[PDB]
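Notes for the one structure printed next.
Number of protein chains: 2
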Amino acid sequence: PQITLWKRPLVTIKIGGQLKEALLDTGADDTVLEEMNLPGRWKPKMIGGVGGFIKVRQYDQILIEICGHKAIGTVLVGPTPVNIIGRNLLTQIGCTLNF
Amino acid sequence: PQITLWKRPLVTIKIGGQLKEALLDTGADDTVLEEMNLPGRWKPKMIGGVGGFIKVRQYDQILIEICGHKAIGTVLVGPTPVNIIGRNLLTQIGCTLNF
Ligand SMILES: CCC(CC)CN(C[C@@H](O)[C@H](Cc1ccccc1)NC(=O)O[C@H]1CO[C@H]2OCC[C@H]21)S(=O)(=O)c1ccc(N)cc1
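For the protein sequence lines, the chains are A and B, in the order given. Last residue of the first sequence: 99 in PDB author numbering, with the numbers rising by one and none dropped. Last residue of the second sequence: 99 in PDB author numbering, with the numbers rising by one and none dropped.
Okay, here's the thing in structure tokens:
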């Protein structure tokens, strides 16, 4: 679809069998979701931005459905202020900015 | 133009005669630029990032030119590591997310 930006570009995602809302965040290198239990081994990592860093659990090669489009990639889980879909998955679903 | 997300969506912007590199960021409610000494009055504000909040100065009705389109509105200024064009100005230039 084509999404305007008068409101936050929030979409429904499906990960680990759960439905959630996530923000399409072109300013995010990576995808960071709120605390949740996902199958498989995870590695401790830290990611930073405005304000500093937070500790996250890195899950690799995770299936995630974003607004009906499938992606398989790295998902970071931790105390993020909002669920954000970053460029690592936006690229997989063919997302671009246009004006 | 069409901006793919393989790399950070950085573009040249023009503000008050100066050229800067800035992120086209659908995850940012409001435009925020790196520290700069603007004239005029402002309102204190706090913005929430991945690592917590920082304090910024809010300026109103600031003109920024983005790839031939002129946008005017709220421009925050603070100790950010990158210049960010947020939704408040992206909407004015007709910017959409497409996949
Ligand atoms: C809605 C919550 C997000 C944080 C999640 C808000 N951010 C915009 C976001 O695009 C930010 C913009 C940003 C880009 C680069 C450095 C600092 C901030 N990117 C970001 O934090 O991404 C992190 C996750 O992937 C990694 O790649 C970038 C940092 C990591 S922000 O920078 O803190 C921001 C908050 C409020 C306004 N008005 C303008 C910007």
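Beta carbons are placed, not taken as given, at the ideal position from N, Cα and C, and that holds for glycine.
Helix, strand or coil, according to DSSP, for residue 93(B) in the structure here?
Here residue 93(B) refers to the residue found at position 93 of the second sequence. DSSP places residue 93(B) in helix when its eight states are reduced to three.
Could you pull out every residue in the same chain whose Cβ sits closer than 8 Å to the Cβ of residue 85(A), ignoring the five residues on either side in sequence?
As a working note, residue 85(A) is residue 85 in the first sequence. Cβ neighbours of residue 85(A) beyond the five flanking positions: 11, 13, 22, 23, 24, 25, 28, 31 and 66.
Run down chain A in chain order and give the residues with a C-beta less than 9 Å from the C-beta of residue 76(B).
Your numbering for residue 76(B) matches position 76 in the second sequence. Those do not exist, as residue 76(B) stays about 11 Å from chain A at its closest Cβ, beyond 9 Å.
Check the DSSP bridge columns for residue 53(A) and list the partner residues they point to.
On the first sequence, residue 53(A) is found 53 positions in, with the first residue counted as 1. Answer is 48(A), bridged to residue 53(A).
Residue 91(A) and residue 97(B) - do their beta-carbons sit closer together than 9 Å?
Locating residue 97(B) in the second sequence gives position 97, where the first residue counts as 1. Locating residue 91(A) in the first sequence gives position 91, where the first residue counts as 1. No, the Cβ-Cβ distance between residue 97(B) and residue 91(A) is not below 9 Å.
When you compare each of 50(A), 1(A), 70(A) and 17(A) to residue 37(A) by their alpha carbons, which one comes out closest?
The sequence position of residue 37(A) within the first sequence is 37, counting from 1. Closest option to residue 37(A), Cα to Cα, is 17(A).
Is any heavy atom in ligand 1 found nearer than 8 Å to the beta carbon of residue 28(A)?
As a working note, residue 28(A) is residue 28 in the first sequence. The answer is yes for residue 28(A).
Is it buried or exposed, residue 47(A), if we count other Cβ atoms within 10 angstroms and call 16 or more buried?
In the first sequence, counting from the first residue as 1, residue 47(A) sits at position 47. By the 10 Å Cβ count, residue 47(A) comes out buried.
Can you tell me whether residue 83(B) is helix, strand or coil according to DSSP?
The residue you call residue 83(B) lines up with position 83 of the second sequence. In this structure, residue 83(B) counts as strand in the three-state DSSP scheme.
Between residue 83(B) and the rest of its own chain, which residues show a CB-CB distance below 6 Å, the 5 nearest in sequence each way excluded?
As a position in the second sequence, residue 83(B) is number 83, starting the count at 1. Counting only Cβ-Cβ distances below 6 Å, and skipping sequence neighbours, we find 20, 22, 33 and 34.
Any heavy atom of ligand 1 closer than 8 Å to the Cβ of residue 9(B)?
One-based indexing of the second sequence puts residue 9(B) at position 9. Not under cutoff, so the answer is no.
Cβ of residue 15(B) within 8 Å of any heavy atom in ligand 1?
For this step, residue 15(B) is matched to residue 15 along the second sequence. No - ligand 1 has no heavy atom lying nearer than 8 Å to the Cβ of residue 15(B).
What do you reckon, is the C-beta of residue 60(A) under 8 Å from a heavy atom of ligand 1?
As a first step, residue 60(A) is located in the first sequence; it is residue number 60 there, counting from the start. Outside the cutoff, so no.
Any beta carbon from chain A within less than 9 Å of residue 30(B)'s own beta carbon?
Taking the second sequence and counting its residues from 1, one reaches residue 30(B) at position 30. For residue 30(B), the answer is no, since every Cβ of chain A falls outside 9 Å of its Cβ.
Residues of chain A with CB under 7 Å from residue 93(B), in chain order?
Within the second sequence, the letter at position 93 stands for residue 93(B). Residues of chain A passing the Cβ test: 99.
Is DSSP giving residue 98(A) helix, strand or coil here?
As a first step, residue 98(A) must be located in the first sequence, where it is residue number 98. The answer is strand: DSSP assigns residue 98(A) an E or B state.
Would you mind working out which of 44(A), 60(A) and 89(A) sits nearest residue 71(A), comparing C-alpha positions?
Counted from its first residue, the first sequence places residue 71(A) at position 71. Measuring from the Cα of residue 71(A), the nearest candidate turns out to be 89(A).
Range covered by the beta strand (DSSP E) that runs through residue 20(A):
Residue 20(A) sits at position 20 when you count from the first residue of the first sequence. Segment 18-24, the beta strand (DSSP E) holding residue 20(A).
Rounded straight-line distance, which links the Cα of residue 61(A) to that of residue 76(A)
Counting from 1 along the first sequence, the entry for residue 76(A) is found at position 76. Counting from 1 along the first sequence, the entry for residue 61(A) is found at position 61. Each residue's Cα considered, the two are about 11 Å apart.
If you measure from the beta carbon of residue 42(A) to each beta carbon in chain B, is any gap under 9 Å?
Numbered from its first residue, the first sequence carries residue 42(A) at position 42. Judged by the 9 Å Cβ criterion, residue 42(A) is not in contact with chain B.
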